[PDB]
4 protein chains.
Amino acid sequence: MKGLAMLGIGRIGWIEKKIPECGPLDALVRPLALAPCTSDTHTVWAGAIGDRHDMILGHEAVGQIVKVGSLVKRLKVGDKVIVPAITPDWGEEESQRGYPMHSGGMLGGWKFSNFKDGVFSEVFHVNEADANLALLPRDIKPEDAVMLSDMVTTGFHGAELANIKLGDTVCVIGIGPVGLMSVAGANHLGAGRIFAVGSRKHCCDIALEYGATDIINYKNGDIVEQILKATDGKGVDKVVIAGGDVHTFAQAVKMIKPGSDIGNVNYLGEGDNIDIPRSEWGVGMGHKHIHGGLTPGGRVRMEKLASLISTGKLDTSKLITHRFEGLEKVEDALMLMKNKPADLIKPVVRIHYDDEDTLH
Amino acid sequence: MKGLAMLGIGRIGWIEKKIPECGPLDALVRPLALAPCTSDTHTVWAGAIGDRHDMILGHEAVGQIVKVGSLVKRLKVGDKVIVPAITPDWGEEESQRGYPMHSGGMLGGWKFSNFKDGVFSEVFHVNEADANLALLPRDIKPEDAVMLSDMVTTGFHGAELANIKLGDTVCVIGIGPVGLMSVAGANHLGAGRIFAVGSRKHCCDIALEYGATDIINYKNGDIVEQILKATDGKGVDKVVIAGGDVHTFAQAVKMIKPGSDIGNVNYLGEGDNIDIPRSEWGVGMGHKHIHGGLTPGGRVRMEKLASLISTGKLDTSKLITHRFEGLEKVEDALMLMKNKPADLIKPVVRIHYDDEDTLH
Amino acid sequence: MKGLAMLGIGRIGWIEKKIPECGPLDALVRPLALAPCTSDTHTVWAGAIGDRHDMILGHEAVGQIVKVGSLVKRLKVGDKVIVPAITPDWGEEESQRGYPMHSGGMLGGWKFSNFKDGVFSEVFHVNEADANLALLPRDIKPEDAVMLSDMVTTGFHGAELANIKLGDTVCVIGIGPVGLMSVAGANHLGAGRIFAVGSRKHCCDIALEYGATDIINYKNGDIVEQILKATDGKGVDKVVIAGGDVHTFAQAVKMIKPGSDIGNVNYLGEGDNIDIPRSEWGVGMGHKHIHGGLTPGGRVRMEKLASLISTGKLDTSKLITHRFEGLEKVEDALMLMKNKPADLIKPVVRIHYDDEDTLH
Amino acid sequence: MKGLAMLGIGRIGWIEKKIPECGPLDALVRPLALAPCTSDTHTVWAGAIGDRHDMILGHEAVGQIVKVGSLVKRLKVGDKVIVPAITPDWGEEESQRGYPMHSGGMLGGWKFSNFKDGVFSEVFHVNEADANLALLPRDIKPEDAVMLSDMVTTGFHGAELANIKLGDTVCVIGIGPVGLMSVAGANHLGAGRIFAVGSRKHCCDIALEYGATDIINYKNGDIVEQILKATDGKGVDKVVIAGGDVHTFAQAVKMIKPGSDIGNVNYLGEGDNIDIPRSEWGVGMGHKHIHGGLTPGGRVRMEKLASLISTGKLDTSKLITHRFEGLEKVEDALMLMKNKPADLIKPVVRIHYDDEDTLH
Ligand SMILES: C[As](C)(=O)[O-]
Ligand SMILES: C[As](C)(=O)[O-]
Ligand SMILES: C[As](C)(=O)[O-]
Ligand SMILES: C[As](C)(=O)[O-]
Ligand SMILES: [Mg+2]
Ligand SMILES: [Mg+2]
Ligand SMILES: [Mg+2]
Ligand SMILES: [Mg+2]
Ligand SMILES: [Zn+2]
Ligand SMILES: [Zn+2]
Ligand SMILES: [Zn+2]
Ligand SMILES: [Zn+2]
Ligand SMILES: [Zn+2]
Ligand SMILES: [Zn+2]
Ligand SMILES: [Zn+2]
Ligand SMILES: [Zn+2]
């Protein structure tokens, strides 16, 4: 089979690999819709999680089952599935301790395009498939559902980590697709006033459609002073960090009230240290809790989030700015995320099969 | 002054009372907008919380300050305020351990029309005024803000007690005004599918506008069976009880998954015992958590919820089905709550003063 | 092989069964140390969870691995293990949402002697062995470690469900071996004063050694009145239920403060309904939270609790009042749990093998 | 009256001040037992929380009521009280939001020797006295209880912030008196293995008496490598930071597992930034939660912690290494904390009065 792979830090290329073996609990899956992620750009070109050889890239897919292991009981060949970016080993220590996304070690539930061949190939492998794949609801388009795999779950996790409460004033820093889903998540956790902070302008407007009330432009003054002015010096109740760099945490601490939460979901691609300012952190004692976490995954997470689409309560289509057909175009799509043109949010790649609707 | 009072179990009438005394931390307030509550109905006619004589009724008000104590620092004469139904003693033991609504004993933060003269009088008393009174935002109509005092905060509290998570399937039992607010609260905590259980048709359309997806009418049969059918036997994730009686808890237990929460905010007006069925409660071990709580109050709770009106994220006007003018009309309004026409959600009474815009 | 089985309601006896089949993730285990439980007593003689025929009893074992499946990676033949009473299916829905003890449905992680052949046989089966079996630390006697399987973990779980905070005054109702472990768990969650409710005198001294401060015997009168007197009417902060019957919950409600938690871990053997008194439950609004939960299990739970024995912080040996040798003596041991001499806390049965120290 | 005051950053001296006025909710209190704190050394000589003029120092006291305001209902003249270092304004926004220690702003519940005249004077003032003073139990020595005001509550808060669970392996970094109470707190929250990390050796031994199992000497190698070696590379479950500097956080992150908590209570006296290492923080995603908080205070906190002394479950006497008599000796005692001799943990100063036992 063909797949698009990382060939050591700094290089991608198409390669041929055998089809993965399918153990008793596993499933093999062919992609129907795929998206590329900014995370793969940090991983390939910044070496942000270390070196990899012949690793198929990608971790956002809707797919169709082409094989199941002997002990798979909930899935059959031909089933269409939402594939979560995180596919935990559910019996590992960290899963039993409430952190399945770190199953087998830090970030270990994130397999696809972390250390496991991902979804940018003709067939890919899923561990604990009964546990890790949700059936695609008949009322959701494959491209809408591909946004669940990572963008919705990660953005929403930012808002979960920020411990957002009913009527909270929230600031979301970074308004790419994960940030837009952090705004939506905060809205769905009951935030009132929501400040969206972008480098851009263009897609801070879409943030208003997901529940943002106030847009803050970096290219204007210091965002902290802008935020303190808008709040009459009081600051915000909670902060989600969904973009930026290692220096964004200091801004969050400076704009937030004492007794609060900062929820980071940004994959930090470079920099030795994240600096937290001693004074504005209440000299160690301000209860400004700092969290940084990898998204949940598995079937239940996808099922719960999918219900928001099915019930008309979340529109993920707004994130899709560019559409391609054919497995080859995942290369083109990943290069867009590397080069970041103006009107880009997320590309999606659809793949057609002649037995798409008849495979069994 | 005049006020409408409970004159022992089964009787109300107007009485004259002295204007209450104002201590250093207290405020005296006059009503600008008032609403009656079915709670006063249980208290008066069912004797649900014991006998009372000459206790002024009502605990839902937007008001205007007429006097402040010498130690009140945030408020002044003429300020217009949202009065929470619950006005805790914030330094009491129960407050220090995170339950201010029980300040000084069980239900002790619910003063107005529980054991303290309520808001249905020309002047009423607020303890710890700086802590307990939120300023009325200029962008909210008094009639909409009076829904914050109890309806919004109580219905939202049901959703909070039910521990609603993103994408959960929720059942709200009872769709009076509290119930509609439990649907809204559930929606604002991120619920997907939401079953609303009631019989009235307009309640069962406003509920859809607040985020209900599914309407369950008992006339179509046993509501548990209905819910189990609709969820292909798995049941719902979380339940909010916002109406019904002591037997509603068994229904909740029977329709909910193991590892779940039942959030009750219904004031139970009669019956010796709430029956929990042993087998369906997992013979003691089902992790079907049962919560029954009085609403939060105080200014912060009002400020936070008011922000949802100010930001366009909550429309409390849908709750108002009857409008009156003049203080004396709180009697007619309360009688609506007792006689219960199918026209009814919430009445509001508007009261004007010659110096409503000039008092200072 | 032979095993001691429930032969329908009201009868036990020895039977021959095939050695169970071992799948890729499973392990077969032989008992080194066994204990009987009053739970099997309710199951057999009261029919508390329905009828069963030819189901092998017991769910408390230290064991030795005799076979592993092809996909078992952490265990090998001859390894000695602590077997949790609860052995979840970790990838099931309920596990993914944080309730692995209900994997596959309510009580579904409690397999042994609920619906799956238990540990009272020459060989028994463990699903998801790598996840579910902890290695026996070399510094713990098998007889002490067998208390971890259910007694420690269940009693500690009562304390966890009761939401015990530093310095809380706690009442533990029922001071059998689970109850003594609820006292210990409460002590290990930082409780100060701890009332232990029972009638037996030695239970009411071991309880003092585990952190009880106050012993309450019903023979001195109504236990609620006793507790209210002892707390000058304010009542207790938190209650753990570890014994009694369906009527114990009302006692708990009556003796506890508003804004509190009642943590039940008692397996209720009979009765249609658990009665919660309306007035004392704050007419629905007292924030007296009611929790009823099956113990956690799996290896991590066993590892964590075992660490408390290894570090000198928990002495489970005090629980053991009767010691037997040989597998057949699990019958005598279970009959002790049924006939209930005042001598009794927990029996343990030790089973030896010629190759106990050489099997590999 | 005389008091020991901060006279601008860098200077202390004895000054004369009038006795404070006593408002309706206030109490005036004379000291019976006092302790100095390392925090006052950062505040005076490092200027760590800004400049102050004529501010009486100290915030650890047991005292006796000499005057009460007209609305004080729970205290009378002559009552002996445990005075918490934190005396919140319980109705302020932050208190209503669950953070009373930040009442009126970050650190605002910490009044004594933060910005309010403290306890090192013949008479001092307490706001909201009914809420903020606990009666001294008859079974606790004044000097034992002085350790509750700050040392026990802060150390225990470190363990609370570290989210310690039953059987957790914990590392406590910094083993001064706050650290020794963090070890005790972790023990009282159910930790198993506990590593105590000191610069010293002498009072790492006392740490074993409070539940530490392993001592780690800074003067030996890198504490992170020591800890990873002792845990077979697995690291610890939770970390409490109770001493050190801005660089201690990086050590905590490097020794802790993914999916975990670091609870800081160290008042950080200098340094612009606290550095968190990007890589070992899981490049933003390791769920290594970082918390830093000021202790709770008020009466209930003191009452709960005092119960641990009364019940024989906490011995605070072990912290007292030096004893003085007379109000003047608080100067001597504070200089010990500045200069830090070898065998010092905490000094205590007792003050005798001829009507100590007769004042009314
Ligand atoms: C699976 As990810 C770290 O790109 O959100
Ligand atoms: C203050 As109420 C019990 O009527 O919601
Ligand atoms: C596994 As059990 C209900 O006997 O503690
Ligand atoms: C009151 As303190 C910051 O010295 O623990
Ligand atoms: Mg707000
Ligand atoms: Mg005028
Ligand atoms: Mg451990
Ligand atoms: Mg051999
Ligand atoms: Zn390489
Ligand atoms: Zn991604
Ligand atoms: Zn009467
Ligand atoms: Zn009401
Ligand atoms: Zn039968
Ligand atoms: Zn058992
Ligand atoms: Zn100065
Ligand atoms: Zn201090």
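Protein chains get the first letters and strands the later ones, always in sequence-line order, with residue 1 at the start of each. The analysis underlying the following values was restricted to heavy atoms, covering all of them including side chains, and did not include hydrogens, waters or symmetry mates.
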Relative to chain B, which segment of [X] carries a heavy atom at a distance below 4.5 Å: side chain, backbone, both, or neither?
X	value
A/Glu303	neither
A/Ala306	neither
A/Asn187	both

### Query
Crowded around A/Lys318 NZ? As in, over 12 foreign heavy atoms under 6.0 Å?
yes
### Query
If you count the non-hydrogen atoms of other residues, nucleotides and ligands that lie under 6.0 Å from NZ in B/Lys234, is the total more than 12?
yes
Distance (rounded to the nearest 0.5 Å) between [X] [atom1] and [Y] [atom2]:
X	Y	atom1	atom2	value
A/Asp237	B/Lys304	CG	NZ	3.5 Å
B/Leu189	A/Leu166	CG	CG	4.5 Å
B/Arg193	A/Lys313	CZ	NZ	11.0 Å

### Task
Over all heavy atoms of both residues, which pair between B/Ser307 and A/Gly167 is shortest? Give the atoms and the distance, please.
OG-O, 3.2 Å
### Task
Under 4.5 Å, counting heavy-atom pairs only, tell me which of B/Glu160, B/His188, B/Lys165 racks up the most with chain A.
B/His188
#### Entry: Top contributor to chain A contacts, counting heavy-atom pairs under 4.5 Å, from B/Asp168, B/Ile164, B/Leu305
B/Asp168
### Summary
Whatever's closer than 4.5 Å to a heavy atom in chain A on B/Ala159 counts as neither
